[PDB]
>>> print(open('data11.cif').read())   # mmCIF, C-alpha atoms
data_coords
#
loop_
_atom_site.label_atom_id
_atom_site.label_comp_id
_atom_site.auth_asym_id
_atom_site.auth_seq_id
_atom_site.Cartn_x
_atom_site.Cartn_y
_atom_site.Cartn_z
CA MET A 1 -39.37 -24.13 81.08
CA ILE A 2 -40.36 -27.45 79.40
CA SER A 3 -42.69 -28.59 76.54
CA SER A 4 -44.03 -24.96 76.39
CA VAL A 5 -46.07 -25.84 79.53
CA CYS A 6 -44.34 -23.44 81.97
CA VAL A 7 -42.46 -20.18 81.25
CA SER A 8 -39.68 -19.92 83.89
CA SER A 9 -40.87 -17.92 86.96
CA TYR A 10 -38.26 -15.78 88.80
CA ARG A 11 -34.53 -15.67 87.88
CA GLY A 12 -32.13 -18.52 88.85
CA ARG A 13 -30.73 -17.06 92.10
CA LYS A 14 -33.34 -18.03 94.78
CA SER A 15 -30.59 -18.54 97.44
CA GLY A 16 -30.15 -22.17 96.27
CA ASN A 17 -30.29 -22.91 92.51
CA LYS A 18 -28.23 -24.77 89.86
CA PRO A 19 -25.36 -22.47 88.86
CA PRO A 20 -24.49 -22.29 85.15
CA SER A 21 -20.71 -21.96 85.78
CA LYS A 22 -20.84 -24.85 88.32
CA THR A 23 -22.94 -27.63 86.71
CA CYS A 24 -20.60 -30.53 87.67
CA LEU A 25 -21.31 -31.48 91.32
CA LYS A 26 -23.24 -34.79 91.00
CA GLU A 27 -26.66 -33.05 90.86
CA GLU A 28 -28.22 -36.41 89.80
CA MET A 29 -29.10 -39.26 92.23
CA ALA A 30 -25.67 -39.36 94.00
#
>>> encode(input="data11.cif", output="structure tokens")
Amino acid sequence: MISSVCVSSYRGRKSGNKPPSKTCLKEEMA
């Protein structure tokens, strides 16, 4: 996950996750 601190846990489809094909929808602070 980050800095070798966490692995990943579960896939990326928990009914609400960042999609790889759709990563351009202002996910930052507005």
>>> atom_distance(input="data11.cif", atom1="atom CA of residue 5 of chain A", atom2="atom CA of residue 30 of chain A")
28.4 Å
>>> residues_around(input="data11.cif", residues="residue 27 of chain A", least_positions_apart="5", cutoff="12 Å", atoms="all atoms listed in the file", output="number ranges by chain")
A: 17-19, 22
>>> atom_distance(input="data11.cif", atom1="atom CA of residue 28 of chain A", atom2="atom CA of residue 11 of chain A")
21.8 Å
>>> axis_aligned_box(input="data11.cif", around="segment 11-30 of chain A", padding_each_side="5 Å", output="AutoDock Vina command-line options")
--center_x -27.6 --center_y -27.5 --center_z 91.3 --size_x 23.9 --size_y 33.7 --size_z 22.3
>>> atom_distance(input="data11.cif", atom1="atom CA of residue 25 of chain A", atom2="atom CA of residue 7 of chain A")
26.0 Å
>>> build_atoms(input="data11.cif", residues="segment 4-16 of chain A", atoms="N, CA, C and O atoms", output="short mmCIF file (atom, residue, chain, number, x, y, z; two decimals), in the coordinates of the input")
data_model
loop_
_atom_site.label_atom_id
_atom_site.label_comp_id
_atom_site.auth_asym_id
_atom_site.auth_seq_id
_atom_site.Cartn_x
_atom_site.Cartn_y
_atom_site.Cartn_z
N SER A 4 -43.14 -26.17 76.50
CA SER A 4 -44.03 -24.96 76.39
C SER A 4 -45.15 -24.98 77.44
O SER A 4 -46.13 -24.27 77.32
N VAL A 5 -45.01 -25.78 78.47
CA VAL A 5 -46.07 -25.84 79.53
C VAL A 5 -45.86 -24.72 80.55
O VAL A 5 -46.79 -24.04 80.95
N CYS A 6 -44.64 -24.52 80.97
CA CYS A 6 -44.34 -23.44 81.97
C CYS A 6 -43.33 -22.45 81.38
O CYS A 6 -42.49 -22.81 80.57
N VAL A 7 -43.41 -21.21 81.78
CA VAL A 7 -42.46 -20.18 81.25
C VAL A 7 -41.09 -20.32 81.94
O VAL A 7 -40.16 -20.85 81.38
N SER A 8 -40.98 -19.83 83.15
CA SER A 8 -39.68 -19.92 83.89
C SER A 8 -39.90 -19.52 85.36
O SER A 8 -39.46 -20.20 86.26
N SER A 9 -40.58 -18.42 85.58
CA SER A 9 -40.87 -17.92 86.96
C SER A 9 -39.59 -17.54 87.71
O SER A 9 -38.77 -18.38 88.02
N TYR A 10 -39.45 -16.28 88.04
CA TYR A 10 -38.26 -15.78 88.80
C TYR A 10 -36.93 -16.09 88.07
O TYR A 10 -36.87 -16.87 87.14
N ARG A 11 -35.87 -15.46 88.50
CA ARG A 11 -34.53 -15.67 87.88
C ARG A 11 -33.98 -17.06 88.26
O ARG A 11 -34.73 -18.01 88.37
N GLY A 12 -32.69 -17.19 88.47
CA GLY A 12 -32.13 -18.52 88.85
C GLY A 12 -31.29 -18.35 90.12
O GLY A 12 -30.42 -19.15 90.41
N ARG A 13 -31.53 -17.30 90.87
CA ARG A 13 -30.73 -17.06 92.10
C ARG A 13 -31.62 -17.03 93.37
O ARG A 13 -31.52 -16.13 94.18
N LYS A 14 -32.47 -18.02 93.55
CA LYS A 14 -33.34 -18.03 94.78
C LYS A 14 -32.57 -18.59 95.99
O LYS A 14 -33.04 -19.47 96.68
N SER A 15 -31.40 -18.06 96.27
CA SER A 15 -30.59 -18.54 97.44
C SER A 15 -30.53 -20.08 97.46
O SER A 15 -30.76 -20.71 98.47
N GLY A 16 -30.22 -20.68 96.33
CA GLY A 16 -30.15 -22.17 96.27
C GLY A 16 -30.66 -22.63 94.90
O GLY A 16 -31.78 -23.10 94.77
#
